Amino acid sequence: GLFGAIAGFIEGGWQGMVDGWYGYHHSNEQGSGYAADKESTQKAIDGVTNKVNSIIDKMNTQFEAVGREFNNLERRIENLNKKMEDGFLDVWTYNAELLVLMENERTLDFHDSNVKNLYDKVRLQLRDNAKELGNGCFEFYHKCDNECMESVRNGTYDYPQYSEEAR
């Protein structure tokens, strides 16, 4: 994908993370588990929902009565209606099919972006207090207990507290 995270450097998804779209998995001496990033998940839900609603709500619907009211000596006028009808069918069919293909590309790239941004936010907090493995994971040079792991998820990780131990 465009942003290189989903099915990219982050090679697959987590069946074990059931309560959100994006998040974290931690592993330390106390145990391991998955935690959803609530903020990024909700923003993504709001964005995709708005896109779908916009595709639906922006359609102008109005009353029309479609029948076949021309007789056997009005075939030229009947053909005029046929070309019009078929024309609109062609237009809406093409635009509907392409809209779906194009927006589906955008949605998946949107998810990819969100994951990449979450990754970068963690990377910048940790800096050199942890090793970037290349698979979505960071390997700490210091012990990071459940409270320390929470501070990373919170955006509250205190780098200068662990610097010396990292050395």
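Throughout, we count residues from 1 along the sequence that is shown.
Mean CA B-factor: is it higher for 110 to 118 or for 123 to 131?
-> So the stretch with the higher mean C-alpha B-factor is 123 to 131.
Would you determine, from the values in the PDB entry, which of 95 to 103 and 29 to 37 has the greater average C-alpha temperature factor?
-> Between 95 to 103 and 29 to 37, it is 29 to 37 that shows the higher mean C-alpha B-factor.
Among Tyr24, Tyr157, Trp14, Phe9, single out the one with the highest C-alpha B factor in the record, please.
-> Comparing C-alpha B-factors across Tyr24, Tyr157, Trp14, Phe9, the maximum falls on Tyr157.
Consider only the C-alpha atoms of the modelled residues in this chain, order them by B-factor as the entry records it, and name the third containing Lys51: lowest, middle or highest.
-> Lowest third of the chain for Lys51's C-alpha B-factor.
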